[PDB]
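The chain that follows stands alone, in the form deposited in one PDB entry, written as structure tokens.
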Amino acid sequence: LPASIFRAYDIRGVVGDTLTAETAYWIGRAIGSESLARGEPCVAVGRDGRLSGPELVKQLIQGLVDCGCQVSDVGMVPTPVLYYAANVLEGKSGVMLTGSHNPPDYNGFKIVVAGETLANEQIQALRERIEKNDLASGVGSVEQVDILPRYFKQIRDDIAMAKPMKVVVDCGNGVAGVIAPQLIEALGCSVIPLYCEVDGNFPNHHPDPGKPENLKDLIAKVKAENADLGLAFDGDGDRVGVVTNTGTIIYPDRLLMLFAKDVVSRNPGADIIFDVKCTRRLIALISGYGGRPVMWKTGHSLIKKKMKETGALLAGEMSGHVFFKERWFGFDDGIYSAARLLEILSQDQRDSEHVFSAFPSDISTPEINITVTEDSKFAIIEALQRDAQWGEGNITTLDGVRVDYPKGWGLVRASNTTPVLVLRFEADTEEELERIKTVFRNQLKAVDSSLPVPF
């Protein structure tokens, strides 16, 4: 098996190339062996709506059963529905076969063993088990479980909308269309569907709400139908993107402000996690409401671990993964998050544009990406962490280097999904944004004067 598919947060490859049916079998065998080693024979399995789903899921399931595992096959479901299954069924282990927001031929595995989402050395440990033949052998079993209705009811029974809303829902032809439009209607909304037929060819736009290009159809429909809100889901339903009644894109760090207010109001002193890419305004906002702001590393699996370590009631990433523990289970779930957003907005007499515009705003950049190499990206960060001078500011090195200045901040870190450096800048003036950019530009050039600086 190729080493490149074993990534920091999960497993991901290209079907036909780096991820075959046989690889899926052996990955199943490794996960089943690790689950058993943690005392957990029961493993839930789900898949998204990708073309390669049926082929690879059978092999994944067989690998697990060949360890002696008891598999609960939940069929085709959103990622969070698989996480849900691993919280409410007998077993605390689960595997989701998904390639997330990537092009059609990509697939992969997001893995929970005995309650914990695997990352880093734990993901490599699976690859290492296969190489070593450190694998369990036994005769397992498979039971079909129809879990979607239970999930649907769980959310419906706990969300209380105070008024009706009209909402455009763009599924991007991903697996969210199996439930999101139906659930949102059941909450007391009317839903205008966009690309909600599940189709793994992704013939309209990629289900990647983090790019504004993939929200253009949603924004136009919101305006044309005079809708109260627009929602877009990524391919496997663990990410959500939001647009207001006037078409304004609400970035996830700003969504989190609304959610942090909600959660902290019922839970004084609650820990609230956000990643290094999120606005500093969120930090002040959480503290002002009496919560404890906890900045952490990018990556769904890393955020979920940090939530267990801190007891945080809510987490969010700039990528749109939002993780409710309060009233919920602590996993990232775009569908549940949409429902929580609708609950809050429905209790407000103002429109969604005005609810979000009331929070402070700064001037910010879109995520910047510089392509380096897979085998040099971490070394560039290490050199910055060793050598760099940032001027006066609060320096955080938990993920790359983030520096928080009086009037703004900057970040440079290595991506764990691509061979790139990722940067973000925010400040309260254009002048300050340029000052911080110049600091980072000069520090990168000090490490490697040939490095591109396309900001």
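Under this definition, the rigid core comprises the largest set of C-alpha atoms superposing within 1.5 Å between the forms. Just count from 1 along the sequence shown to find any residue number.
There is also a form deposited in another entry; it is not shown, and the following applies to it.
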**Candidates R129, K377, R281, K306 - which moves between the shown form and the other one, C-alpha at least 2 Å, core fixed** = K377
**Request:** Tell me, please, whether between the shown form and the other one the C-alpha of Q62 is shifted by 2 Å or more, with the rigid core used for superposition.
**Result:** no
**Message:** Checking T418 here: with the core superposed, does its CA move 2 Å or more between the shown form and the other one?
**Reply:** yes
**Message:** With both forms fitted on the core, check whether the Cα of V447 differs by 2 Å or more between the shown form and the other one.
**Reply:** yes
